[PDB]
């Protein structure tokens, strides 16, 4: 049922989604869906282009993304957003760094 390109897209998305650390913590959990403008106003003041994994998953599932590196660039913007808005001392910031590494390892393989 999946084409090669769909399959590659899915593999990159699932690698980031399913990653768990050695304690069983799923780092992606908080990245799935951005809170509202009233819930996280300071993020929307700080970030020009909001992104979350549900937005990427929808784009993937409408068979948009013409190539793998488009999806990589949307994940990279998401993690760059997280690290612009949050302080380096925060857990989400550290989590964004780890998932960014996981994303690139997957891409390096294809």
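Residue numbers count along the first chain shown, from 1. Definition used throughout: the rigid core is the maximal C-alpha set that superposes within 1.5 Å between two forms.
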item	value
Core-fitted comparison in 8 other deposited structures of this protein, 100-108 vs 1-9, farther C-alphas	1-9
Outlying stretch relative to shown form, 33-41 versus 52-60 in 8 other deposited structures of this protein, C-alpha RMS (core)	33-41
Average Cα temperature factor in the PDB entry - higher stretch of 6-14, 82-90	6-14
Mean C-alpha temperature factor, higher of 38-46 and 62-70	62-70
For residue 22, the third of its chain into which the C-alpha B factor falls	highest
